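Here the structure is laid out as structure tokens; the discussion comes afterwards.
Chains as they are written, first to last, in full-length UniProt numbering: chain D, 444 to 566; chain H, 444 to 566.
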């Protein structure tokens, strides 16, 4: 009669120990999930850092290329501006050539007329 | 009889003047094609220069962003490395808790046995 009361007091004290042992392995269960996420987050971050240091050299190489291309065209612009000076002078060269070919036929009209005038006097 | 010889001498002298006038307008024809290409090449180049100066500010803004992101992660890496210090200590915290719950039931086995021993002596 007294025994079944005492036996149950151990049994409650028995499942109590079973509970904390279930906890301390459930608590460690998620602790090795956190320890997994943490060491998984380092591998991600260590790659992002490795990628950015690979981007830092990338954009630096390309910025040098811009300053190299801007120098190439700043030379070209100053050249084509010097082309306009040449071409405009070849225009002035050609307007003065037209002035020479018009005087050549103007002189040709005189020779025709001054002959054409002298013939009319003969008559 | 002599007239048709003289008349042809002017006619050759006439088409000769017609030729150079055709040339001096054909020569100026391509000269205003070159003057077109040249002033068309300036508008292209002036845009390339305007584009590169817009690329120079572009890559400079982005390179600053890399150094800003590398600083953000260099802070994060040093934080997650400090997370491993905490989590590993919580592991050591939990192994010492298991040491406390095992001693609790080891002490519980003694009380059962030392009672179980005293009962056998009664008999």
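No residue lacks a Cβ here, since even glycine has one placed at the ideal position from N, Cα and C.
Which residues in chain H sit within 9 Å of residue 551 of chain D, going by Cβ to Cβ distance?
Going along chain H in sequence order, the residues near residue 551 of chain D (Cβ under 9 Å) are 453, 456, 457 and 460.
From what residue to what residue does the alpha helix (DSSP H) around residue 444 of chain H run?
No alpha helix (DSSP H) contains residue 444 of chain H, which DSSP labels as neither H nor E.
Decide yes or no for the touch test of the stretch 461-468 of chain D against the stretch 540-547 of chain H: beta carbon pairs closer than 8 Å, at least 3 of them.
The stretch 461-468 of chain D is in contact with the stretch 540-547 of chain H.
When the Cα atoms are used, what is the spatial distance from residue 446 of chain H to residue 549 of chain D?
Those two C-alpha atoms are separated by around 23 Å.
Cβ of residue 445 of chain H less than 8 Å from any chain D Cβ?
It does not: the Cβ of residue 445 of chain H has no partner Cβ on chain D nearer than 8 Å.
Along the stretch 528-546 of chain H, where does the CB come closer than 7 Å to a CB of chain D? Name the residues.
Those would be 530, 533, 534, 537, 540, 541 and 544, in chain order.
Measuring straight from C-alpha to C-alpha, what distance separates residue 470 of chain H and residue 508 of chain H?
Between residue 470 of chain H and residue 508 of chain H, the C-alpha separation is close to 57 Å.
If the cut is a Cβ gap below 8 Å, which residues of chain D does residue 499 of chain H touch?
The contacting residues are 506, 509, 510 and 513.
Does residue 520 of chain D come within less than 8 Å of chain H when only Cβ atoms are used?
Closer than 8 Å: yes.
Do residue 527 of chain H and residue 481 of chain D have their C-beta atoms closer together than 8 Å?
Their beta carbons are under 8 Å apart, which means residue 527 of chain H touches residue 481 of chain D by this criterion.
What separation, rounded to the nearest whole angstrom, lies between the Cα atoms of residue 551 of chain H and residue 485 of chain D?
Cα to Cα, the separation comes out at about 44 Å.
Look at the alpha carbon of residue 448 of chain D and the alpha carbon of residue 454 of chain D, and state the distance between them as a whole number of angstroms.
Whole-angstrom Cα-Cα distance: 10 Å.
Please classify residue 559 of chain D as buried or exposed, where buried requires at least 16 neighbouring CB atoms within 10 angstroms.
When all chains shown are included, residue 559 of chain D counts as exposed.
Kindly list, in the order they appear in chain H, the residues whose Cβ is closer than 8 Å to that of residue 525 of chain D.
Under the 8 Å cutoff, chain H gives no residues; its nearest Cβ is about 10 Å from residue 525 of chain D.
Using a beta-carbon distance below 8 Å, is residue 492 of chain H in contact with chain D?
Yes, its Cβ sits closer than 8 Å to a Cβ of chain D.
Note down the Cα distance separating residue 493 of chain D from residue 505 of chain H, rounded to an integer number of angstroms.
Approximately 17 Å, taken between the alpha carbons.
What in chain D is Cβ-close to residue 465 of chain H, meaning under 9 Å?
Here the premise fails: no neighbours, minimum Cβ distance about 11 Å.
Under 8 Å, CB to CB, which of the residues in the stretch 466-484 of chain H have a partner in chain D?
So the close ones are 467, 470, 471, 474, 477, 478, 481, 482 and 484.
If you count every other CB in all the chains shown that lies within 10 Å of the CB of residue 495 of chain D, and 16 or more means buried, which is it?
Per the 10 Å Cβ criterion, buried.
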